[PDB]
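Mind the numbering: the sequence shown is residues 1 to 4, 8 to 37, 46 to 152, 163 to 298 in PDB author numbering, read in order. Ideal Cβ placement from N, Cα and C applies to all residues, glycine included. Below: the structure, in structure tokens.
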Amino acid sequence: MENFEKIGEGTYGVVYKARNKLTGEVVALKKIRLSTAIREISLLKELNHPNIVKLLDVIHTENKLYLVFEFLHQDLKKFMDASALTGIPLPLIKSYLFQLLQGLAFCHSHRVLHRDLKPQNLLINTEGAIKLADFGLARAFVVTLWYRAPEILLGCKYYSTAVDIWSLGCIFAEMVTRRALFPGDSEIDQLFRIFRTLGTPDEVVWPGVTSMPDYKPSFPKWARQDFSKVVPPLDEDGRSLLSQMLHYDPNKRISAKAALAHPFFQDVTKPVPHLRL
Ligand SMILES: CC(C)[C@H](CO)Nc1nc(N[C@H]2CCN(S(C)(=O)=O)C2)c2ncn(C(C)C)c2n1
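In structure tokens, the structure reads:
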């Protein structure tokens with residue numbers, strides 16, 4: 001009431020659409036009901060890029076943290092559902108993947124990881140842009166497992182930039198096929214869905230995997246499927262890029278900067294989506 008409608012529930016709290024009393028601007032206010048996290052989150056006010064949802068302010072009051080963001084009108088999950096009968100056109104999938112890779116390459120260059128990328132934290136506007144929301148929040152602080170990289174599911178506690186490339190690969194596949202790639206409903210179901218598609222990992226494709234905290238020698242041994250079966254009708258360039266984003270070994274997975282130079286983006290453009298708001 002001093003300085004200012009519910010949108011829904013997010014990973015760290017409730018998000019509201021609100022009007023700033025001093026400026027008249029419409030913003031998204033995220034209330035995180037609860046000192047190290049305050050300094051860390053406050054530093055993200057400097058992590059500004061056209062493909063990163065702007066964090067305007069970080070307020071600590073009455074033992075609660077409020078994050079004030081730029082407001083966007085739709086998320087990618089709602090846009091994919093709106094497009095379920097025809098699919099998103101390939102040039103717009105390409106544009107959105109390219110823009111998300113630019114946003115990741117910027118954050119990764121500043122050593123900031125997301126760790127929890129998913130369609131609900133990718134927001135779009137009427138000008139053809141897509142933006143990443145919530146970078147840096149996981150480090151400072163049902164939850165979907167569908168986009169979680171296999172090193173996280175296998176108990177590695179040292180995250181690298183590769184976890185975000187894996188999640189983006191999963192989202193890319195879901196834009197093309199109109200279905201989630203690995204819709205697990207438990208940690209083991211998530212792992213076994215990844216293993217049934219990509220094959221059970223072993224020391225040949227992922228050195229050190231058998232020494233991971235949650236690796237079990239008793240995991241079933243599935244053979245790998247071809248990407249031509251997984252994401253039809255994506256062309257050879259797109260399937261090659263997806264295969265590099267879903268390598269098991271996080272050291273082998275393509276970086277966001279290298280992905281921007283992939284042949285799949287030779288003809289990239291920026292189409293304008295028709296949005297129904
Ligand atoms: C509660 C959810 C997690 C939601 C995403 O569905 N969060 C959300 N929504 C925003 N805008 C909504 C407006 C209506 N659409 S929708 C639900 O119809 O797709 C998106 C939004 N603008 C900026 N931010 C910041 C905090 C990252 C936002 N965070």
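For the set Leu76, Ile52, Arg50, the Cα lying nearest the Cα of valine 18 is the one of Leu76. Secondary structure of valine 17 (DSSP, three-state): strand. In this structure the stretch 277-297 lies against the stretch 124-143, because at least three pairs of beta carbons, one per stretch, are closer than 8 Å. Of the candidates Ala183, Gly13, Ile192, the residue whose Cα lies closest to the Cα of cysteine 118 is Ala183. The Cβ atoms of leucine 115 and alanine 279 do not sit closer than 7 Å to each other. Take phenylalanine 82, set aside five residues on each side of it, and the residues of its chain with a beta-carbon closer than 8 Å to its own are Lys20, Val29, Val30, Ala31, in chain order. Here DSSP, grouped into helix, strand and coil, assigns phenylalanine 203 to coil. Membership of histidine 71 in any alpha helix (DSSP H) is not indicated; the residue belongs instead to the beta strand (DSSP E) covering 66-72.
Between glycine 139 and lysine 242, the C-beta gap is not smaller than 7 Å, which leaves the two residues out of contact. Partner residues in a beta bridge of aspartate 288, as assigned by DSSP, do not exist. For the 7 Å CB-CB criterion, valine 230 and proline 238 do not form a contact.
When C-beta atoms of the stretch 167-179 are compared with those of the stretch 61-72, fewer than three pairs fall below 8 Å, so the two segments do not count as touching.
Measuring C-alpha to C-alpha distances from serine 53 to each of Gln110, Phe152, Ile104, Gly16 identifies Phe152 as the nearest. Taking 6 Å as the cut-off, the C-beta of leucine 83 counts as close to a heavy atom of ligand 1.
Per DSSP, reduced to three states, the secondary structure at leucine 133 is strand. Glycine 139 carries a coil assignment under DSSP once its states are collapsed to helix, strand and coil. Here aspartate 86 carries a strand assignment [DSSP, helix/strand/coil].
Looking at the DSSP output, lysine 75 sits in a beta bridge with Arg36, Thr72.
Within 10 angstroms of the beta-carbon of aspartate 185 lie 16 or more other beta-carbons, which makes it buried. Judged by DSSP secondary structure, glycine 11 falls within the beta strand (DSSP E) whose first and last residues are 9-12. Contiguous alpha helix (DSSP H) elements confined to the stretch 206-288 occur at 208-219, 248-251, 257-266, 277-281, taking only those with 4 or more residues.
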